[PDB]
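Here the structure is laid out as C-alpha cells; the discussion comes afterwards.
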Amino acid sequence: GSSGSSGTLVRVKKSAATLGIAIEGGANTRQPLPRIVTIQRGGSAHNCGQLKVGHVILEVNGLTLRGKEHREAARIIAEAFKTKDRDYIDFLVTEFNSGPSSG
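Residues 1 to 103 (PDB author numbering) make up the sequence shown, in order.
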C-alpha cells in the first residue's frame with residue numbers, strides 16, 4: 001500500500017497539557033471518517049494552528065479511522081497522547097471541499 005497521495009499528514013506536538021479536540025460522524029453515520037467540529041483553545045491542535053475546524057481524520061499514527069466509529073477514534077487519538085515514545089500525534093486530513101458554492 002502506497003504512502004497516500006490523497007491527504008496531508010499533520011504532526012501535532014503535545015505542547016498543551018491536555019489535547020482538546022472534538023469530532024463527529026463514524027462508519028455507521030453517512031460519514032465514514034470523523035470530522036473536526038470543534039477545536040478547544042487549550043489543545044495541542046489549536047496551539048499548532050496547522051489544523052483547522054472542519055477537517056477529517058482518516059489516519060492517526062498510522063491507524064486508519066476508516067469504517068471506524070467516532071467513538072472508536074476518540075480512543076485511538078487519546079491513546080497516541082498517553083504514550084511517551086512519541087511527543088506528538090499524527091493527524092491525516094483531506095480538508096474535503098464541502099459545499100464550494102460559498103466556502
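Note that the Cβ used here is the ideal one computed from N, Cα and C, for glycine as well.
- Under the three-pair Cβ rule at 8 Å, the segment 53 to 60 counts as touching the segment 24 to 40.
- The segment 3 to 11 makes contact with the segment 94 to 103; the number of CB pairs closer than 8 Å reaches 3 or more.
- As a beta-bridge residue in DSSP terms, residue 13 pairs with 88.
- For residue 75, the enclosing alpha helix (DSSP H) starts and ends at 70 to 82.
- A direct Cα-to-Cα measurement between residue 25 and residue 61 gives close to 20 Å.
- Just so you know, the alpha carbons of residue 72 and residue 18 end up roughly 19 Å apart.
- In the three-state DSSP reduction, residue 27 falls in the coil class, being neither helix nor strand.
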